[PDB]
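**Student:** Below are the structure tokens for one structure; questions will follow.
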Amino acid sequence: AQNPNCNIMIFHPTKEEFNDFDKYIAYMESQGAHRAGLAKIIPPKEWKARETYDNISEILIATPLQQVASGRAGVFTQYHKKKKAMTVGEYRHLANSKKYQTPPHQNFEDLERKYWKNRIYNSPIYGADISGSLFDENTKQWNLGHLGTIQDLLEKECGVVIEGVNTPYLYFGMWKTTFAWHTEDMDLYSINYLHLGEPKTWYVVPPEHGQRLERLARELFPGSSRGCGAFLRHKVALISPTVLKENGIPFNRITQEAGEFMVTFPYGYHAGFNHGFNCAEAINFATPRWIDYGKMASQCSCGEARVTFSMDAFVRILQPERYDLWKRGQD
Ligand SMILES: O=C(O)CNC(=O)C(=O)O
Ligand SMILES: [Mg+2]
Ligand code: NI
Ligand SMILES: [Zn+2]
């Protein structure tokens, strides 16, 4: 069995290997990359996402979100307070202001220490889930707006034609912006490209050990667990690496820098934080190996998780028994 310790693997495809996206995902899996839940892909030196980032300041962040924490430094939840719209240029200036800018630090490890010590005492502002793309239309390799769609994959694998679409989303981050512990909708893959700016640190639990993280989370967040048998789908709970180590939960960590891709694999729980002003693009995708995970994915039916239109068909076809309850939670 490849990669039996479930380490995060880093790949360096050549320009020729970068042509066929599906093939390269299946190659990474042949080497055991999915066992970690997360892999890093460094593009060949000849590749670029677009020519420059000099003209993105007029993109609108319609609903910036202030991430307010509650709890203790290593075990907290966050809620998102809506703020007035602002452009990317306005947000960049805000991120770089004295109130929000990255503090002085020695290296990534020191900054990670500072994040876990101090995150809860501040409320950073995040642009999230902004439909759009920064890939040039002429970029033919690993262009996150030109991937094979999940609806087409389900049709190819299972024969059923379904409604829905699959487009990418932009994220604008700042120091301490935080992504809570979660798997993807319907335990899909994700891919994330860091277009510009400061890094993103990731934490990940191997898919084979995801239920260990869920059990800890039910212990640490006991009211939330009583409210919903899949409350991590709310995407609000944080647990630090120190707490995970104290409780014997298997995980790994890695820092993504600008110009790098990260792939998350089905049922790989992940969380993390941004180091400073940055812009990322991400999208969900499927492969044939996903189908079995989609069929078994938990679902939130309490009303909290609310998700895209296109998840309807996935639940309806892959999880017909759960469909009526889940749709009630959508309405
Ligand atoms: O840019 C981001 O914070 C969100 N990314 C993830 O959880 C992911 O791509 O799966
Ligand atoms: Mg612009
Ligand atoms: Ni994710
Ligand atoms: Zn719920």
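To be explicit about the labels: the chains of the structure tokens are called A, B, and onward in the order shown, and within each one the residues are counted from 1, while ligands get numbers from 1 in the order they are shown.
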Check stretch 223-301 of chain A with DSSP on the backbone and list each residue it calls helix (DSSP H, G or I), as a list in words.
**Tutor:**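 Going through stretch 223-301 of chain A, the helix (DSSP H, G or I) residues come out as residues 223, 224, 225, 226, 227, 231, 232, 233, 234, 241, 242, 243, 244, 245, 246, 290, 291, 292, 293, 294, 295 and 296 of chain A.
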**Student:** Could you take the residues named above and write them with C-alpha atoms, as a PDB file, in the first residue's frame?
**Tutor:**
```
ATOM      1  CA  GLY A 223     -24.200  21.528  22.384  1.00  0.00           C
ATOM      2  CA  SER A 224     -23.507  21.772  18.672  1.00  0.00           C
ATOM      3  CA  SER A 225     -23.350  18.002  18.423  1.00  0.00           C
ATOM      4  CA  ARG A 226     -26.769  17.649  20.080  1.00  0.00           C
ATOM      5  CA  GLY A 227     -28.204  20.181  17.642  1.00  0.00           C
ATOM      6  CA  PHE A 231     -22.421  19.892  12.609  1.00  0.00           C
ATOM      7  CA  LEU A 232     -18.974  20.151  11.083  1.00  0.00           C
ATOM      8  CA  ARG A 233     -20.883  20.849   7.868  1.00  0.00           C
ATOM      9  CA  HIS A 234     -21.624  24.253   9.430  1.00  0.00           C
ATOM     10  CA  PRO A 241      -2.789  21.208  16.460  1.00  0.00           C
ATOM     11  CA  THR A 242      -1.861  21.105  20.154  1.00  0.00           C
ATOM     12  CA  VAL A 243      -5.335  19.919  21.083  1.00  0.00           C
ATOM     13  CA  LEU A 244      -5.360  17.393  18.277  1.00  0.00           C
ATOM     14  CA  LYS A 245      -1.966  15.980  19.478  1.00  0.00           C
ATOM     15  CA  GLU A 246      -3.238  15.891  23.096  1.00  0.00           C
ATOM     16  CA  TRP A 290     -15.440   9.943  -5.491  1.00  0.00           C
ATOM     17  CA  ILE A 291     -18.747   8.266  -6.264  1.00  0.00           C
ATOM     18  CA  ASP A 292     -18.572   5.846  -3.312  1.00  0.00           C
ATOM     19  CA  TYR A 293     -17.735   8.714  -0.958  1.00  0.00           C
ATOM     20  CA  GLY A 294     -20.618  10.799  -2.265  1.00  0.00           C
ATOM     21  CA  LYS A 295     -22.986   7.956  -1.558  1.00  0.00           C
ATOM     22  CA  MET A 296     -21.833   7.779   2.122  1.00  0.00           C
TER      23      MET A 296
END
```
**Student:** Which parts of stretch 141-297 of chain A does DSSP call strand (DSSP E or B) when run on the backbone here, written out as a PyMOL selection string?
**Tutor:** chain A and resi 169-173+178-182+189-197+200-205+237-239+252-256+261-264+269-274+278-285
**Student:** Go through A:240, A:192, A:211, A:201 and flag the residue nearest residue A:74, using only C-alpha atoms for the distances.
**Tutor:**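 Answer, going by the shortest atom-to-atom distance: A:240.
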**Student:** Counting only C-alpha atoms and all ligand atoms, give me one row per residue of chain A with an atom at most 7 Å from an atom of ligand 3, showing the shortest contact pair and its distance in Å to one decimal, sorted by chain then residue number, as a Markdown table.
**Tutor:**
```
| residue | atom | partner | partner_atom_place_in_ligand_line | distance |
| --- | --- | --- | --- | --- |
| A:182 | CA | ligand 3 | 1 (Ni) | 6.5 |
| A:183 | CA | ligand 3 | 1 (Ni) | 6.1 |
| A:184 | CA | ligand 3 | 1 (Ni) | 5.5 |
| A:190 | CA | ligand 3 | 1 (Ni) | 6.4 |
| A:270 | CA | ligand 3 | 1 (Ni) | 6.4 |
```
**Student:** Restrict the selected residues to C-alpha atoms and save them as a PDB file, in the first residue's frame.
**Tutor:**
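Printed below is part_26.pdb as written:
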```
ATOM      1  CA  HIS A 182     -14.667  20.511   7.286  1.00  0.00           C
ATOM      2  CA  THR A 183     -14.859  18.134   4.384  1.00  0.00           C
ATOM      3  CA  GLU A 184     -16.254  19.329   1.090  1.00  0.00           C
ATOM      4  CA  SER A 190     -11.355  20.394  -3.973  1.00  0.00           C
ATOM      5  CA  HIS A 270      -9.083  20.246   6.654  1.00  0.00           C
TER       6      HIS A 270
END
```
**Student:** Taking only C-alpha atoms and all ligand atoms into account, which residues have an atom no farther than 9 Å from ligand 1? I'd like them as JSON, numbers by chain.
**Tutor:** {"A": [128, 129, 169, 170, 171, 172, 173, 177, 178, 179, 180, 181, 182, 183, 184, 189, 190, 191, 192, 193, 194, 200, 202, 262, 263, 264, 265, 269, 270, 271, 272, 273, 274, 279, 280, 281, 282, 283, 284]}
**Student:** Quick one: residues within 6 Å of ligand 4, with only C-alpha atoms and all ligand atoms, as an MDAnalysis selection string?
**Tutor:** chainID A and resid 228 230:231 300:305
**Student:** Counting only C-alpha atoms and all ligand atoms, name the residues that have an atom within 6 Å of an atom of ligand 2; the answer should be given as an mmCIF file with C-alpha atoms, in the first residue's frame.
**Tutor:**
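Writing the result to part.cif gives the following:
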```cif
data_model
loop_
_atom_site.group_PDB
_atom_site.id
_atom_site.type_symbol
_atom_site.label_atom_id
_atom_site.label_comp_id
_atom_site.auth_asym_id
_atom_site.auth_seq_id
_atom_site.Cartn_x
_atom_site.Cartn_y
_atom_site.Cartn_z
ATOM 1 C CA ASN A 55 -5.596 44.992 -12.607
ATOM 2 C CA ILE A 56 -7.725 43.138 -9.955
ATOM 3 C CA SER A 57 -8.478 46.022 -7.560
ATOM 4 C CA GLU A 58 -11.897 46.720 -8.904
ATOM 5 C CA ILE A 59 -13.303 43.254 -8.225
#
```
**Student:** Would you mind listing what lies within 7 Å of residue A:44 as an NGL selection string, with only C-alpha atoms counted and same-chain residues fewer than 6 positions away left out?
**Tutor:** :A and (12-15)
**Student:** Please compute the atom CA of residue A:117-atom CA of residue A:101 distance, one decimal, in Å.
**Tutor:**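 Computed distance, atom CA of residue A:117 to atom CA of residue A:101, equals 16.3 Å.
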**Student:** Within 9 Å of residue A:208, counting only C-alpha atoms, which residues show up once you throw out same-chain ones fewer than 2 positions away? Write them as a PyMOL selection string, please.
**Tutor:** chain A and resi 35-37+205-206+210-211+267-268
**Student:** Excluding residue A:29 and residues on its chain fewer than 3 positions from it, collect all residues at most 10 Å away from it, counting only C-alpha atoms, and give them as a list in words.
**Tutor:**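 So the residues in contact are residues 2, 3, 23, 24, 25, 26, 32, 33, 34, 35, 39, 265 and 289 of chain A.
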**Student:** May I ask which of the residues A:50, A:218, A:45, A:82 is the closest one to residue A:62, counting only C-alpha atoms?
**Tutor:** A:82
